[PDB]
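The sequence shown maps to residues 4 to 125, 127 to 260 in the entry's author numbering.
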Amino acid sequence: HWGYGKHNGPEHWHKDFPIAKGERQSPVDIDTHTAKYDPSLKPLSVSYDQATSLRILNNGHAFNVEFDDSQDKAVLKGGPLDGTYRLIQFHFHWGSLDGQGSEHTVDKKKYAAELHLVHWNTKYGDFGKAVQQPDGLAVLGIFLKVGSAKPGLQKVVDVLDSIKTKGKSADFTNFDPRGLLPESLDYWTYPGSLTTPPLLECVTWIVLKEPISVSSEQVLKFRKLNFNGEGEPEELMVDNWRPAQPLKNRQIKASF
Ligand SMILES: Cc1cc(C)[n+](CCc2c[nH]cn2)c(C)c1
Ligand SMILES: [Hg+2]
Ligand SMILES: [Zn+2]
């Protein structure tokens, strides 16, 4: 099945998932000089105070921190969005080296990692129905650079020993995603897709301009994760990113 290697990687995905070559695929390069400030974007609203994390899963391509989305507790609204989108999970993409890892690029610049906070449009009832809709998902993308440690990331870094291999999961209640945001909520927005198979073009992408910085020793522990399952040849979890895809007519809007 699909992966990130020479034989199952992003350039093989189209065979099984033809939308790989579609009209609104992600990620893309954010040309800062082509992006246009949009006066009609309302302010962004990130309400993560009542957030109920539940568990962390190594799913063999990344790790997911999952939230109880049965109520409006952690939500995105405002900005390019109409109505309410609930937080279901977050996860990251990162590299083997600091000079690569992000999925979106800013003027062809690759950051060391990329955080995705995934939300679904409540008027669709569940996550599964929202992924069948062009306005179904809203993803908040946040870049990571290496520098000083990110305090709000450390509880995640500490649990990764317990989820080394594909299929393992640990209990991860009372985690606050507020600790993963940068200071500023400036953002580029565009219409797009899931960046992993099945690559559904159901996403409103909100990519923040200001990266968070993380320690070298925080990313190092990300890099110790395995793609494989327990008792298999060790395959390190690195370079789990899709490269930038063609923009194709689409327009990236700036909030600032
Ligand atoms: C990065 C990413 C995040 C999520 C929630 N998903 C799940 C989407 C999905 C498709 N069919 C059922 N769920 C995928 C495939 C990728
Ligand atoms: Hg869709
Ligand atoms: Zn992602």
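Quick reminder that beta carbons are idealized off the backbone N, C-alpha and C, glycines included.
Check: Is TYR40 buried or exposed, if buried means 16 or more other CB atoms sit within 10 Å of its CB?; Outcome: exposed
Check: Would the beta-carbon of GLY6 fall within 8 Å of that of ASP243?; Outcome: no
Check: Out of curiosity, what's the CA-to-CA distance linking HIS94 and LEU118?; Outcome: 6 Å
Check: Mind checking whether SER259 and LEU120 have CB atoms under 8 Å apart?; Outcome: no
Check: I need the residues with a C-beta less than 7 Å from some heavy atom of ligand 2; please give them in chain order.; Outcome: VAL135, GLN136, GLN137, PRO138, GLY140, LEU204, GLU205 and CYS206
Check: Between which two residues does the beta strand (DSSP E) harbouring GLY132 extend?; Outcome: Here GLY132 belongs to no beta strand (DSSP E); instead the alpha helix (DSSP H) covers 131–134.
Check: Identify every residue that forms a DSSP beta bridge with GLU69.; Outcome: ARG58 and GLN92
Check: So if I measure from each beta-carbon to every heavy atom of ligand 3 and keep distances below 6 Å, which residues remain?; Outcome: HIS94, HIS96, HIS119 and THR199
Check: Under the criterion of a Cβ to heavy atom distance below 7 Å, does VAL211 qualify as lining ligand 1?; Outcome: no
Check: Tell me whether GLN28, by its Cβ, gets closer than 7 Å to a heavy atom of ligand 1.; Outcome: no
Check: Quick check on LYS24: does DSSP put it in helix, strand or coil?; Outcome: helix
Check: Kindly confirm or deny that the segment 131–150 and the segment 212–229 touch, where touching means at least three C-beta pairs closer than 8 Å.; Outcome: yes
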